[PDB]
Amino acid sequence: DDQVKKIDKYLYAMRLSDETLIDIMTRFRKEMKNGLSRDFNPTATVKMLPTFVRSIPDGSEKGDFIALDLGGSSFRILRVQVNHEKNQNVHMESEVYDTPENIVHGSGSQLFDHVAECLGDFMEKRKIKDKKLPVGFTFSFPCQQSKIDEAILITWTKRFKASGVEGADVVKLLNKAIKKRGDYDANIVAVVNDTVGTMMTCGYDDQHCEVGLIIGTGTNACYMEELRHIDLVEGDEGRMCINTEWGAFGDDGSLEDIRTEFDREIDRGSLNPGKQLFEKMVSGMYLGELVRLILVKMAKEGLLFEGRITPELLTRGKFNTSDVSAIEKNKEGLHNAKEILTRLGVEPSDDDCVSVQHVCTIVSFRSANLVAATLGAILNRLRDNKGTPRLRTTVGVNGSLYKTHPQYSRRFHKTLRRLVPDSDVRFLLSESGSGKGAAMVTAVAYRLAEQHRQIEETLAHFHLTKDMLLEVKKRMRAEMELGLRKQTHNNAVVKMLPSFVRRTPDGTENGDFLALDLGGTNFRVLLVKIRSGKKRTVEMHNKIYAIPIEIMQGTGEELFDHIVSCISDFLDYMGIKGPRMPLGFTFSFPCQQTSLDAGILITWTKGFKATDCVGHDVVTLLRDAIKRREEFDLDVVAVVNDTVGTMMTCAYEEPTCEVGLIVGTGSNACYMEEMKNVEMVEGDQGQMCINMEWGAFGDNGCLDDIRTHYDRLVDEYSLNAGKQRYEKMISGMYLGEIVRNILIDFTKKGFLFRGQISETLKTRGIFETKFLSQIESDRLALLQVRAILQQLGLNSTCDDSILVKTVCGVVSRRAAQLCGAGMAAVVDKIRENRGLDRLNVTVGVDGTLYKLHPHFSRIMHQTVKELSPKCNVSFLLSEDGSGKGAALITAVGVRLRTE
């Protein structure tokens, strides 16, 4: 018996105590939290990688899929077909391909050219080349994943070292190998670890399976973790499978007290020195070689084969795990040990076969014990998550060592149970291996990918190319020309209305003026005091007055009676009732003007629709309302568009400002044009500010080119169908409606809100400028997005919040680009009118959407620079409102008249 007592004490270090296993286990439980923490993850050795698999198969999966399996003992390719609907039962064929150590160790090219060729052949046999089966990919290596169909190789392990793969996306690398053949096509929908595939396979048969275990060439385990614990994944909803990658357990010296001189030497001779340390003590790629080392040691010390040592006993890999197994058998063990040991050149005795068969026991028993330590850690984790006092679950398993060894399973289980008493665990052995689980993943992954493709196809219609935008620019310019030239003005959609403001402030403006601001989100009355000279100052006061929607769409008389009533109140408010003051009337609607003080409303726009107003001079309408009330008397000097009023406001201090831009409720622009071009106003001397009214761009159909199903719905249900089409693709009154219609469509398709269109989503105007702006704020937590939505009335999930956010971004991005294409046309025209190679010009801007949106102005600016590279445009924010400019305009109006 000293035959055994001897070795046992010699290999003292490789016989782990139950107390020791407990320590290891506790230490792995910690390593898990480190891998799951967003703070310690970057440093942790156990990477706890997220897999993006939400749960084991339920039986709804159906279709036809191809699965690849590389990184294991065999490079296999299967075909899984399932459709319970038709009563097809899970069915699958497979085939194994030869892969020499040469390829596994060559360039990434060779390897993936080999895989692409093997897939080509596998599909040629079943002749499925035609046909578009979704491909799954079991890749048994630690991988960086942001989505299920992406796999950045973190590091080769086991038998692989292929140059130019680590830190690359194996999905992309594989694809490249395929396309290079042009032999066929392949839609790689997913990549999973073999642990994950194994968990899914057993999960399919055992609804309790919450763990995936692999103990073959290498070792590693995955399990079902709570989202509320996966710091590195946005969400708290449900659970996700986490590939622990515990092979690298101790790669940082965590297990230096457990490792032995034998582990350190196998390490020094390994393909990946210093890495996968915990694994190098466990998996069947190392076990046999670890034994051969322990023997050589003894033999050199004469404890075996007398003192004998042969070139074979020293040759790396002469002692397989196959032998560790064959020698472990109950009846044929010693007989096998004899044969194997004999072929080693040595003259083994029956005493030797007994000693050697025992070394295999100490090395074989340790591995099983270590795994029981770590797997016990996982189980503890689970029981914790559940809250249940006891634990009951299934553990999928696989791997040559676990399958073939005649003592491993039996031992490992026993130890695990002992370590974890309150755990009622069943071990289910994957038979199809990873493949069925892989297919069950691919199915879910393909299904989700189909939605994405459809969502992307729809959203793609909102994407405009550099060239499309140049066309838009070009069409805008053409329309401008049409509006200016009198022989074509009557049919031009872009009216190019003269404002009769011939110059920006010259600093001689002086006096006290009243002003109106009507047409924006706020109607207001102002008092503006302007003083010129050495000491120039501007003093203003505002009061916002509400206009009830009823009235806003009542009669002309009502509307202006209300306006005049509000003026009356304001005059009282400023304590200035009595004297007849000059008034600048900012009226944000297309007006045909014959002089500064006359403007005939061409048509209502935005939300305004008062009766008996269109066709009337709004200055006349105001004067009438003033006379009717007969309290005070005013001297209406001018009617001005908000674009023009805004440009003048900014021009006050910025003499390079010759363009006005509004992006708020509506959208429109104005600029200084040469009189020789304003064919609609007699005279070709000096300049005139032109109110473009560019919102009507596209009203003749010149944009049907880029308008979508959703734009037409918005236009068709508006107060002014067929009109202001360009504006309806840009301004804050409409962007929300575009988004809303997209969401209604997506919900019906079943992509959003469980496919149930809430009463809220049917409410028009729900997505106000304010909401759109909040939704798109950068680095905003999905949690916050979901909060905003639910606070509107939309009960959405994280996935929904993402989609909604993507939709808002696409609509607002397009609005910014379209706006930029228009502005691009404008500045380029100015540049040419001036005969310049390069033009510096500033635009005075205002509008709630422009001010609030976190991306609009940025993207709009980038677009203008991109489309008119010969112009350097500066955008200047108006912070005083149009009233200031209107007052400045009224001043010049009073002087000129006074002549």
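One-based numbering along the sequence shown.
Legend: mean Cα B-factor per stretch from the PDB entry, 74-82 versus 653-661; the higher mean is in 74-82. Remark: stretch with higher mean C-alpha B factor among 471-479 and 221-229 is 221-229.
Within the group 550, 768, 704, 679, the record's highest C-alpha temperature factor is found at 550.
Highest C-alpha temperature factor among 142, 590, 556, 250, as the PDB entry reports it: 556. When the modelled residues of the chain are ordered by their C-alpha B factor, residue 513 lands in the middle third. Per-chain ranking of the deposited C-alpha B factor places residue 753 in the middle third.
Residue 399 sits in the middle third of its chain by CA B factor, as recorded in the PDB entry. Among all modelled residues in its chain, residue 122 ranks in the highest third by Cα B-factor. Remark: residue 282 belongs to the middle third of its chain, ranked by C-alpha B-factor as recorded.
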